[PDB]
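One chain follows as structure tokens, the form solved without the partner chain.
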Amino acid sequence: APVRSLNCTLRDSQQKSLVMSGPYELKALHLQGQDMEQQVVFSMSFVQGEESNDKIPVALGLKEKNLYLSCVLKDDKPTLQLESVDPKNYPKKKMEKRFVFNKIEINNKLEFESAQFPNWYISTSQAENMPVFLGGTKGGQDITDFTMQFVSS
């Protein structure tokens, strides 16, 4: 399909689930049971970019919503954010760079590195209920790896 995608969920290595904070923010937290359905279902798109056997470019939008994770400089610092797009032109095979993440297969875990800002990754905090953000450091206080779960569509 011109642009191929797949629906899925992500979970941090701490087993925290992602949910929508505001209209433009994601937060991570320990969730179980009935609460689990509050989690966000992404729609991962396989876009065009520099490819490898362990490094695939993707775009992460929300299922059925014209919102995409985007990387931008905000206050002279790489920043993660949800961005609105024309429901009619997206997704597309050739997404803009700010929308592109390199999906990296590590342990049996994943990492999402910004195509735009090398070595900047999608991260979560150890703490509960904090926002998902773009962190510039690996192997640290912050969490950079996740696992993914496929969902039926």
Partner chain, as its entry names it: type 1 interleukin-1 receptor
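Numbering follows the first chain given and starts at 1. So that the term is clear: the rigid core is the largest set of C-alpha atoms that superpose within 1.5 Å between two forms.
Of the two segments, 62 to 70 and 101 to 109, the one listed with the higher mean B-factor is 101 to 109 (C-alpha atoms only). Taking only CA atoms, the mean B-factor in the PDB entry is higher for 29 to 37 than for the other of 119 to 127 and 29 to 37. In the deposited entry, the Cα temperature factor of residue 12 places it in the lowest third of its chain's modelled residues. Ranked by Cα temperature factor within the chain, residue 89 sits in the highest third according to the deposited record.
Annotation for residue 45: CA B-factor lies in the lowest third of the chain's modelled residues.
Heads up, the form solved in complex with the partner chain isn't pictured, but that's what we're talking about next.
Residues 92, 93, 94, 103 are the members of 71 to 104 with a non-hydrogen atom no more than 4.5 angstroms from the partner chain in the bound PDB entry. Core-superposed comparison between this form and the one not shown: the CA of residue 37 stays below a 2 Å shift. Superposition of the core reveals a Cα shift of 2 Å or more for residue 52 between this form and the one not shown.
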